[PDB]
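# Descriptive analysis of the structure
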Amino acid sequence: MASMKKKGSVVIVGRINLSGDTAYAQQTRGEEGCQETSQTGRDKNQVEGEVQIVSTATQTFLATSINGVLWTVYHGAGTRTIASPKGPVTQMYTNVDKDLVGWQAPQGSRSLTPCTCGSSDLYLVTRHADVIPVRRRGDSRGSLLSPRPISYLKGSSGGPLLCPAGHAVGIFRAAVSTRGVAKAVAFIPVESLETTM
Ligand SMILES: COc1ccc2nc(C)c(O[C@@H]3C[C@H]4C(=O)N[C@]5(C(=O)NS(=O)(=O)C6(C)CC6)C[C@H]5/C=C\CCCCC[C@H](NC(=O)OC5CCCC5)C(=O)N4C3)nc2c1
Ligand SMILES: [Zn+2]
C-alpha cells in the first residue's frame, strides 16, 4: 500500500510529417526526457501534425487525430493518461472490445477528416513514414498490395488508413500474417470511432 506505484503517462516522442511532398518521421523527444515526462505527465513540447509517435516505458506506437480526438489502440495505451503541458490528461474514450482509446487532441495538433468517399483504395501510414497501398477487403480488413515481413509494421498500431483524398478511413489495429509475412491488416473503421463519439 505504501509502495503502490502508478503507471506513467503515454508520451508524444515524435510525429509522421505529412506536410509536404515527402513523408518522414521526426523525433521530438529523446528516451530520457520521455522517461521523465511519463512520470510527471507534464509535456511542454509543441505538438504538430496528425500522426504522433507515442511511447510508454515499455512500448512505442502511433496515435492519430480525427475530429479533435487523438486516437490509439488499447493494447498500447491501456487506460493510461497522456502527458500534456499542464499534466496528465485522462482518456475520454476507452473500448477494450474495439482495441480503441482516445484523448482530447493536443493543442497544436491537426485532425484528419472522417472519410465519406466509400473508396476501397487505401493507404496505411507507418511509424517509419512508409505509405503502404492497401485494398479494402471488408468493414475492418485490407490487403497489402505488396506484402512484407510483420517487422515493418510493428510499432505502427494507432496509425491511420487513408483514402485517396487523405481522409481517415480507420485506425491500424492488427496484422494478418502467414509465415511472418503481412498479407493483410485489421483496422478500427472511422465509423466505429464516430459511433464511439
Ligand atoms: C490488452 O487488451 C486488448 C484489447 C483488444 C485487442 N485487439 C487485438 C487485435 C490485439 O492484438 C495484439 C496486439 C496486435 C498488434 O500487434 N498490432 C500491431 C502493432 O504494431 N502493435 S505495436 O504498436 O507494435 C504494440 C504492441 C506497442 C503496441 C499492428 C501490428 C504490427 C505487427 C504485428 C506482429 C505480431 C502480432 C500479430 C497480431 N495479429 C493479430 O492479432 O491478428 C488477428 C487479429 C485480427 C486479424 C487476426 C497483432 O497484430 N496484434 C496482437 N490485442 C488486443 C489487446
Ligand atoms: Zn475519402
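Residues numbered from 1 in each chain as written, not as in the entry; some residues may be left out. Chains lettered and ligands numbered in written order. Heavy atoms only, no water. Residues with missing side-chain atoms left out of burial classes, pairs and counts.

The name the PDB entry assigns to the protein is NS3/4A protease, from the organism Hepacivirus C.

### Details of the nonpolar core
Ranked by internal contacts, the top residues of the largest apolar core, which has 21 residues, are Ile16, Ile66, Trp71, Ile171 and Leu193. For this core, the secondary-structure elements that each account for two or more residues are β1 (11-17), β3 (51-55), β4 (60-66), β5 (69-72), β12 (168-178) and α3 (190-196). Per-element tally for this core: the top contributor is β1, with three residues. Here this core spans two domains, and each of domain 1 (14-104) and domain 2 (121-196) adds at least three residues to it. Formed by 14 residues, the second largest nonpolar core is a distinct cluster that contains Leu124, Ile132, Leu144 and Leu161. (Core = buried A, V, L, I, M, F, W, Y, C linked by side-chain atoms within 4.5 Å. Buried < 20%, exposed > 50% of the residue type's maximum accessible area, 1.4 Å probe, protein only. Helix = DSSP H or I, 4+ residues; strand = E, 2+ residues; numbered from the N terminus. Domains from an automatic or database assignment.)

### Remarks on the site of ligand 1
Within the structure, ligand 1 sits among 21 residues, and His75, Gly155, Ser157, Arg173 and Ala175 are positioned closest to it. In this structure, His75 approaches ligand 1 through a side-chain N or O atom, which is 3.1 Å from a nitrogen atom. In this structure, a nitrogen atom belonging to ligand 1 sits 2.8 Å away from a main-chain N or O atom of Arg173. Contact with the protein chains covers 63% of the free accessible surface of ligand 1, which is 990 Å². When residues of the shell around ligand 1 are traced back to their parent elements, those giving at least two are β4, α2 (74-77) and β12. Among the elements that make up the shell around ligand 1, the one with the highest residue count is β12 (five residues). Within the shell around ligand 1, the residues separate by chemical class into 10 nonpolar, seven polar and four charged. (Near = heavy atom within 4 Å. Polar contact = N/O pair within 3.5 Å; in protein donor to acceptor, adjacent residues only side chain to side chain. Areas by Shrake-Rupley, 256 points an atom, 1.4 Å probe, with all protein chains shown as cover. Nonpolar A, V, L, I, M, F, W, Y, C, P; charged D, E, K, R; others polar.)

### Remarks on unusual backbone geometry
The phi torsion at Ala129 lies on the positive side, around 65°, for a residue other than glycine. In this fold, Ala129 is placed in the loop between β8 (121-125) and β9 (131-136). According to the relative accessible area criterion, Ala129 is buried, its value standing at 11%. With phi around 55°, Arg179 is a residue other than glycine that occupies positive phi space. Mapped onto the elements, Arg179 comes out in the loop between β12 and β13 (181-189).

### Looking at the sheet that holds strand β10 (residues 141-149)
The sheet built from six strands closes into a barrel, its strands ordered β8-β9-β10-β13-β12-β11 with antiparallel pairing. Within this sheet the neighbouring strands show an average axis-to-axis angle of 40°, counted without direction. For β9 and β10, the ladder comprises three bridges, and the chain directions are antiparallel. Following the sheet pairing, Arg135 is matched in β10 by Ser143. (Pairing = 2+ DSSP bridges. Axes fitted to C-alpha atoms, helices over the stretch in contact; angles between N-to-C directions.)

### Points about the coordination of the zinc ion (ligand 2)
Those protein atoms acting as donors to the zinc ion (ligand 2) are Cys115 (SG), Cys117 (SG), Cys163 (SG) and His167 (ND1), and they sit at 2.1 to 2.4 Å. Mapped onto the polypeptide sequence, the residues donating to the zinc ion (ligand 2) form the spacing pattern C-x1-C-x45-C-x3-H. According to the relative accessible area criterion, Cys163 is buried, its value standing at 2%. Overall, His167 belongs to the partly exposed group, its relative accessible area being 21%. (Donors = N, O, S within 2.8 Å, 3.2 Å for Na, K, Ca; no water.)

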